[PDB]
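Single-letter residue listing:
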Amino acid sequence: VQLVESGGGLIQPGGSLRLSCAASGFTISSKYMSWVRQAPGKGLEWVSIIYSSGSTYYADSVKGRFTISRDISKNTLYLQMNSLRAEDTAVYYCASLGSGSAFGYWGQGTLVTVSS
Amino acid sequence: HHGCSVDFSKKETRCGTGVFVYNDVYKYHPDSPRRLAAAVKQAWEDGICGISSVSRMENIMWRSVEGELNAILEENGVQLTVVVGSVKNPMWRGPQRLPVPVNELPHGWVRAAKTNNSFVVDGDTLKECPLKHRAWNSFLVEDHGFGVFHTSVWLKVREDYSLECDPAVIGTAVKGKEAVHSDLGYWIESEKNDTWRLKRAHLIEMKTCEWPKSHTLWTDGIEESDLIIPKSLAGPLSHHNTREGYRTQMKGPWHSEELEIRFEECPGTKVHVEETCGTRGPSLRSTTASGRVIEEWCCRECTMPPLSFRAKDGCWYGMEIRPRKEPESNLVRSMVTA
Amino acid sequence: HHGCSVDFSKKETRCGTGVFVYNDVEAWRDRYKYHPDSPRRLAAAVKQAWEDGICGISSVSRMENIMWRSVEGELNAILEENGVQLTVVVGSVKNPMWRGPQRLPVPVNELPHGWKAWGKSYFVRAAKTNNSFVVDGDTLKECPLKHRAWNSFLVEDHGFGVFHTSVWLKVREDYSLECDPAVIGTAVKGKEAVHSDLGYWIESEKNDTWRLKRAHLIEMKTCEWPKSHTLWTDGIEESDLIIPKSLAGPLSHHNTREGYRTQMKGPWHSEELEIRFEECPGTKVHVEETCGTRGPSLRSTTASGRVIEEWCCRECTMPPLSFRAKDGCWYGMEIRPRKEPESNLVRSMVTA
Amino acid sequence: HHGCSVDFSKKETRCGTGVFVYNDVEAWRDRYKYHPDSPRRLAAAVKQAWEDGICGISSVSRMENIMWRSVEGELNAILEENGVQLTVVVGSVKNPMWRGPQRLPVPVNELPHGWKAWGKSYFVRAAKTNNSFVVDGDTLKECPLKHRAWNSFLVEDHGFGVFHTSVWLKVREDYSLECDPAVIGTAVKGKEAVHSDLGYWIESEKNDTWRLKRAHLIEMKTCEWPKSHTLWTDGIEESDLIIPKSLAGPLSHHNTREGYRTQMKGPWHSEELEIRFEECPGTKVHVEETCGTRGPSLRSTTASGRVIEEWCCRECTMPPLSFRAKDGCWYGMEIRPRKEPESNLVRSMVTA
Amino acid sequence: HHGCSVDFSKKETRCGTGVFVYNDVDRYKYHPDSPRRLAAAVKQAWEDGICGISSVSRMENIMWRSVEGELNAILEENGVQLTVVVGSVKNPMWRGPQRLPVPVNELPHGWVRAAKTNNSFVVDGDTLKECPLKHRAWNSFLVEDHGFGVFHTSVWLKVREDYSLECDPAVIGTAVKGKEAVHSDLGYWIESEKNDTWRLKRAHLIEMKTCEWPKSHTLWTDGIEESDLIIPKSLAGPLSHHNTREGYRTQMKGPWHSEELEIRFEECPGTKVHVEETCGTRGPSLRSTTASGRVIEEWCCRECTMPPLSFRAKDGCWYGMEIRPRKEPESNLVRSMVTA
Amino acid sequence: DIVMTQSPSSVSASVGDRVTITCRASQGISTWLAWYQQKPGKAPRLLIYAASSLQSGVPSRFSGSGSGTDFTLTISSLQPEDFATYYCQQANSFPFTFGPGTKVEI
Amino acid sequence: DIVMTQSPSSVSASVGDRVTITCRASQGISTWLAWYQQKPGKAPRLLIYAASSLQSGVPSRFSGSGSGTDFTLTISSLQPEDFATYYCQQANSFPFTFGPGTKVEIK
C-alpha cells in the first residue's frame, strides 16, 4: 500500500493550511488513519486519529484548532490546520494503526514552515 | 416493525409502527466449518496460541462449535486441538487478530483425538498462552445476521483491526424523560430529575471494547473522568453516564459475574456527609469476611442516596464512601482496576 | 412499557419490556383534551401580558395552535366575567414558523372569578371587544413579530396515541430556545436510526458512512433540537447539516450527506415536504465541473408546467437531493439547469 | 387475511387467518387518493346530468363529500378544456343527510379532450361560470332536494386503514336504496356483537336477552342497511328498533332494548352523538305510572345552563336512554321532566 | 381486541382495535363443574334410569375421555358400584331424549386406580345394545360465564339445568367483511361469497352434529326455506341465505357417515359433468371410484349449475345428490347408507 | 499523560557487537509497547509490537522483552545498515506518546 | 461571524440636547439587537432589547428603532447620568458579537 502527502508549504503565523494524504492499494474507510509530526531536531508527536467508524480524537495541544476528515470518493485523508503558531512547524506524516495499537504504514512526509 | 404496547400505570393501550428496543439482560454460525479451521490453522502457524473473548456471546459460540471444529481439524490431518474454558471478568484485550484465509480446507462438510498442541480459547490458562499472544475482537455480525426474529446469528472473520464493540447488537433510545443504552450484555438506564443522570445499570459481563459514538446520546462536552462506568469497560461517552458528586469508578468490584449499580444504602447501613472523612480508594464491601456488618460510613462531598453495587456476594460501596470510625484495614477490598 | 412486535412472514410475535418510539407524524391532533394550567390563571397571565405590551402569540408548532383553538371560547368567557376588555383571536399557521422575542408571564394571583376546570359545558358566549390578543395568523400589521410571545408552554403530562386523553400544560418561568423534550423520541438499532417528534420523522442508514436516508416534515419549526435527545453530537460542523440548525434540525452526523452543504434556501414555505435522494420524474442530472454555483432551490417544472430535462452539479453525489411538495419536485441548492437559463424557473424565496 | 392478537395482562399473542373487523370510525378519510370512474367519463356524466335537469348532488355520507372536494378542481379543468359552461361547487354536510330522487347517468361516450388519470399535477385553475352544479351545502334555495341526485356511486376497490392507498369508484346503472356493502363489517363472538361501517359502530350484549349496549355515530345517513350484513333478521318488528330504519339502522334483535320503542324524534341534527344507557350528571329517573306520555327528545340542561333534576317514565327500564352530543345530555323519547313544564326546555326539531 | 393483520394480495399491513374471528378447523384441558358434583350427577342419573351419554361434539368426547379415570376413582372410593367406560365416536352424532339431573349436594367424600364393575355407564361408543339411544342423555353442559376466550387454553363447563336443542353459543363466531363471510365454531368452517348473489363457496367440517345453529348468530335469517339449505338444518346448518347455491337443494343423503368432510364446487379428477335434460332423478349420493378402484367418467344432471357440488371425503370424492351417470348403471357403484 | 524515558542517549558499537536499549514508562502500560527505527531523512519503521512480536519483513536479529514499566530492545549482531535512531511508544491509551530517542553511532 | 460597526466614535452634547447613535451589521438580522450602557469601573447595563423594547426600570427617554441592517438609538433629554459608552450587540446566532462602542461626553 502507498501513502503520499502533498499540500504543505510556507505560511505566516496565524494563517491556515490544508494537508492531504493519497492512499493506494486500500480504501481509507477500512483503517484507523492518524497524523504524526516531527519537529526539526526533536522527537515524534501524535496529533490526531480518525476511527474506521468515523470517530475522531485529538491531542490537547491542538484540540480546538486542527481537524481531521476523509473523502471516500477521492480516497484521500485531510488535515485542516488553523491559527498556526511557532511551535506548529514540523514534518507531518500520514500513518495507519494495526496489531498492538501501533503504526505500520507511514507516508513520505511533508514539511510545514510557520515564519514571518 | 408493527406492534402494540401498554402503559400499566395509566392503563392505556396503543398500536402502530416504529422502532422498539427490548430488554434482554441463539444457534451461532461461526463462518464455516472448512474456513474457520483454515483461519485457526494459519493463526497457529503465525504465532498466535489462543483467543481472548470479547463477550459471553463469543464464549458460547466457541463452546458450541469446538467439537465440530476439532473433527474438521483431525479429518484434515492437522496436529492441533481447540480447548475452550470459562470466562473470568474483566475480559482484557488481546493484541493479535485472526487472519482471513485465502482458501478453505479441501476436506470436510464422529469425535476427535486429543493432541499435544492446544489453541486455548478464553480460560484459566495464562501460562501456556500469555495475553500478549491472543487474538481479540476478530468477528463481525453479517449484514442481515441479527434481528428481532432470528434466534440464529451469522458471524464471519473480520479483515481489519478495530477497537469498538459490534454495532449490530446495540440499541439505544430516549422517549421523554427516560433513556437507555443497551446491548446483549448491558442495560444502562438514565432519567431527568433536575439534570440527566444515571439511574441504574444492570451488567452481566464486563467487556473492554469501546462503545461507538454513532450509538451514543449527547457525546459532546463530556470529560472522560466523570463517567460512572469507565470508558475502558465499554461505558458510553455520554452525559447520561454521570451522576453528581461522583467520578469514574476505576476501582470498583469488576471481578464479579453479574453486577447491578443502584443508588441506595446497603441493608442496615447509614451514610453521612462530613468534611472529616478519608480520601477515596478501592471499593469496600459492607460485610466483613467473618460476616459482621459495618453500620456507619462517611463521604466528603458525595450526594445522597449513595452509590452501591449489588453482587451475589454482597453490597459494595462507591470509592467515595469510607468507614467513619471503624478501621478499614480489616475490610474486604477490590483487587482490580479498570 | 410492555409490548409485542409482529413478523408476518411467520405469523408469530415477540414480546418484552423496553422503550418504544412510534411514528406519530401525519396523525390528526384534533382528538385530545387540553388543559392549560387553569382558566383563571391563564386569564390573569394573558391580562398581565397585554398590559405589559405583548400583543399576541407566535406558535411553536401546530399542537399549540390547536390548543389555543380549543381554549379560546372559555378563555374569552372567563375574561368577560372579570370585566376585562380583551378578546383572543386565533388564526392559522404558515411556514416557516418564525420565533418571537417576548415571553408570557406567570402571575402572582389568579383572577378572583370563574370556574376552576376546563370543559365546563354551557357558557354564555362572550361579546367582541376593541382589544384583540391575536394568536398566530395573517395579521402581522396591527402588531409585528417583535412584540409576540413564543415558546412559553411546557408539557407536563400527555397521552398521545390514545384519542381521548388529557394534555396538561403550564406556563414556564424562564426564557428558552430549545424544543419541548416531552414529545421527542430518538432511537437507533443496528444500521437504522430515527430522530422524531410530533411533526418530524428523520431517518438515517449505515452505508460506507452514516448518512441521511429520508425525512418527512409536516411543519417548519424554528426551535432547537435538544442535545440530550441527539445521537453523535460531537465533531460535526453546523455548515454540513442538510436540515439547518435554525429549523430544529438535529446537530448530528446522522443529519449529513456526502457532497452537500446546509440547505438554507430550500422550499421552506410549503405546508408539507418530504426529502428524498432520487431524480424528479422525467429528469436527468449530470456531474460536470462547468456547472454554475449553488443558489436558491429550483422547481423541476416551470410556471406553465413544462418539465426541464437536463440539470448539472459540480461535485454532488448520485442520487440527487430533491424535495416533494404538493406543487411537485424541487432540487437542492447544488443542482442547476444545464441549458435553459434560470430566469424561466420558479425559485425559493425563503431563507432559514 | 393473516393477523395476530395480543393480551397485555400476560404479555404474549395469538395468530391465525380469518375475518377481522376494525373500529375505523373517527379517523380522517381525507388521506386517500380517490379515483372516480374517469375524468372524461365523469365530465360527460355531469354534462348529461345538467342537460337532463339534475341541479346538484346530495351526499350519502362524508366520504363522498371528501371525494368531490378532492376531484372538483380537475373536474372543472376538464370541463373548461371542452368549452362547457359549467362549474362544480362543493359545500358542507349537515345532518341528517336526506335522500334525493334523481340518479347520475352513465354516458355512452366520454368527452374527447383532457388527460386519462386523476392526479395530473399542474393544471390551470379554471374560470368561474354562471351555471353551477352544487354538491350538497347550504344551498337548498337555488335548487330543491327533489332535483338532486343521491346514492349514485359504487366502490370497486379500497384500502381503508392504510393512509395512502387508492379508492376506485364507479357510476352505477341501477336505482338502489341500500348502503354500499363494500365497507360494512358485522361480527358476533360469544356474548358480544358489532354492526359497523365507515361511520357507525353499534355494540350488543347478551344479558337475560340480547339487547343494545352502546352506539357511536359520527353521521346520520338515510340509506338502508342491507339484510345480507345483519344478524338475526327474522321475526323482528320495525316498531321496536332503537335506531330507526330510516337512518340506516340494522333490522335485527340486536337493535332492541326492553321498554323502549323507535326513536323517531331524537336529536339527529347533531354532528356527532353517542348512545349510552345511564343517567346524566345530576339527574335522577324514577318509574312512575303518573308520568306523561312519550314525545320529542329533551335536553337535560336548560338553554341558560340550569340542570333539571327529576325526571320520570311510565314503563321504561333502568338505566335510562341518553344521547351524549357536544351540547350535552339528551334523554330518550320516553323520559319527561317530573315537575318543570316542557315549555322551559329545548327539544329536537327533526323526525326520521 | 388489539392486534395487527396483513393482506398478502395487496401486501398491506394495519393495526387497531376490533373483533377478530380465527380459523380453528388439543390445546385445552377441560374442567367440568367438579369431580365431586359430576359424580353425584352420574349416580343420580343411573339411579333414575339413564344408562349412558351420547356426545354432542368432539369437545365433549375428549372431555369425557380425559376425566373418566378420575371420575371412576372418586365414584369407587366413595362406595358406589359404577364404572364409566368411554368409546369412540361415530358420525353423525344423533340426539338423545334424556338429560342429566343437577344434584342438590355433592358426594361427601372426595377431592390410585379402581377395578372393573358389572354396572356400565357407557359414554359414546359402540355399545348400542346394553344402552339404546332411547335411554341416553344429550346436550347437558354449558361452557361457563367466562369459560372461553382467545387466550384461555382450559374450558370450564357446568351441568345444564334446562332442556335445549341448540348448540352452545359461547364457541360460535361469524363475521362478514365486504364480499366475504364465515359461519364457524369449533367444528365447522362455512364460507360464502358475493358473485351476483350470495352463495355458498366452500365448507370444511371435522364432525357432523345434530344440534341447531342459533338464530342470534346467523346472518340473513328471513325469507329462506329449509328445502334450500345445502347443509341441512338437521345437521346444525345455519338458516341463512349464505347456505344456498343456485340449482341445488338440501343434501339429506350425503356421505355423513364420514369422519371429516370438505365441500367444494369442482369436478372430481378425471370426470366430466354435463347438464342433460334426459338424466335420472336425485337420490343417494354416489362415489366416483367403484369398490374395485375403477373411476366412473361420464355424469349428468337435470338442471344443476356448473361447477358441480362435490364432497371430498378422506377415502374418495363423492358427488351431489343431483349428479348421475349416463352409461354406467348405479346398481354397482358405492352409495351412502345414512340420511339426515 | 504517560511520560516515556529512554536510555542511553547515545551508544557506539562495532560490527557484530551486541547492543541494548532500555525504555522506561511512568505508569502501568503493561505489554502495550512498540519499537521503531528512524534513519536520517526517512520515515520511521516499525520493528516490534506488543513488546515481543516481530513485524513481518524485519530481520530476526532484533528482540524485545519486558512488561509493566521496564522494557528492553536488543540487537544481537550489529550491521552497517543498523545505524539509526530508535524510539519506544506506548499504545495503552490516548494520547499515544513516544520516547526521547536513542542514537547508535560508529 | 457577523461584524457590527457603530458611528460616530464620540459625541459631545449639552444637557437637554438630543443624541443619536447608529449601528450597522454585515448581514441581515432585523429584530435581534440590544443596546447597552457602561460607565467606567462598572458592569454594562441593558437598555433596549428586540431593537425597540424598553427594559424594565430604565427611563422612557431612551428609545430604539430600526430593522434589517441599520439600527438607531435615540435619547430625548440629556442628563448628567447619561455620559457613558454605549454598545450594540446582535442576538441572531452564535457567536454573539458586540460593537466597537461610542462615547458620549460633556460639552
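Use the structure listed above.
Analysis parameters
- Residues numbered from 1 in each chain as written, not as in the entry; some residues may be left out.
- Chains lettered and ligands numbered in written order.
- Part of a larger assembly, values for the part shown.
- Heavy atoms only, no water.
- Residues with missing side-chain atoms left out of burial classes, pairs and counts.
- Buried < 20%, exposed > 50% of the residue type's maximum accessible area, 1.4 Å probe, protein only.
- Helix = DSSP H or I, 4+ residues; strand = E, 2+ residues; numbered from the N terminus.
- Pairing = 2+ DSSP bridges.
- Contact = heavy atoms within 4.5 Å.
- Axes fitted to C-alpha atoms, helices over the stretch in contact; angles between N-to-C directions.
- Parallel < 35°, antiparallel > 145°, perpendicular 65-115°, else oblique.
- Nonpolar A, V, L, I, M, F, W, Y, C, P; charged D, E, K, R; others polar.
- Buried area = accessible area lost by both parts, 1.4 Å probe.
- Polar contact = N/O pair within 3.5 Å; in protein donor to acceptor, adjacent residues only side chain to side chain.

Asks: Could you clarify how one ought to interpret the pairing of strand 3 (residues 19–25) of chain G in this entry?
Replies: Along any regular strand, the residues point their side chains to alternate faces of the sheet. All names here are of chain G. Burial along strand 3 is one-sided: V19, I21, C23 and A25 are buried, while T20, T22 and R24, pointing the other way, are not. Relative to strand 3, strand 1 (residues 4–7) is paired through four bridges, and the arrangement is antiparallel. Bridge pairing links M4 to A25 in strand 3.

Asks: Would you explain the arrangement of the chains in this entry?
Replies: As for chain G relative to chain B, no contact occurs, and the smallest C-alpha gap between them is 17 Å. One finds no contact linking chain D with chain G; the least C-alpha distance across the pair is 35 Å.

Asks: Can you help me understand the packing of helix 1 (residues 33–46) of chain B against helix 2 (residues 56–75) of chain B in this one?
Replies: Residues and elements named next belong to chain B. Taken N-terminus to C-terminus, the directions of helix 1 and helix 2 make an angle of 85°; their axes are 10 Å apart at the nearest point. Considering the angle they form, helix 1 stands roughly perpendicular to helix 2. Here helix 1 contributes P33, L36, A37 and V40 to the contact with helix 2, which in turn contributes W62, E68, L69, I72 and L73. Residue classes in the contact of helix 1 with helix 2 are distributed as eight nonpolar, no polar and one charged.

Asks: Sorry if this is basic, but what is going on with the sheet that holds strand 7 (residues 62–67) of chain G here?
Replies: Sheet strands pair via backbone hydrogen bonds, and the direction of the pair is either parallel or antiparallel. Residues and elements named next belong to chain G. Read from one edge of the open sheet, four strands run 1-3-8-7, paired in antiparallel fashion. Among the strands making up the open sheet, the edge pair consists of strand 1 and strand 7. Adjacent strand axes in the sheet meet at a mean angle of 20°, parallel and antiparallel pairs treated alike.

Asks: Explain the interface of chain C and chain G here, please?
Replies: For an interface, size is often stated in terms of accessible area lost upon the parts coming together. Contact residues are listed per partner, giving eight residues for chain C and seven residues for chain G. Together, the buried faces of chain C and chain G total about 550 Å²; carbon and sulfur atoms form 59% of this surface. The three residues of chain C that bury the most area against chain G are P101(C), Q102(C) and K146(C), which together make up 63% of that side's buried surface. Applying the counting criterion to the chain C and chain G interface returns two residue pairs in polar contact. Taken together, the residues that form the side of chain C that touches chain G break down as two nonpolar, three polar and three charged.

Asks: In this structure, what is going on with the sheet that holds strand 15 (residues 271–273) of chain B? I would like to understand it.
Replies: Residues and elements named next belong to chain B. Across the sheet, three strands lie side by side as 15-16-19; this open sheet has mixed pairing. The sheet is open, and its two borders are formed by strand 15 and strand 19 (322–323), each paired with just one other strand. Inspection of the sheet shows strand 15 paired to strand 16 (residues 297–299) by three bridges, in the parallel sense. Its bridge partner being in strand 16, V273 is matched across the sheet by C299.

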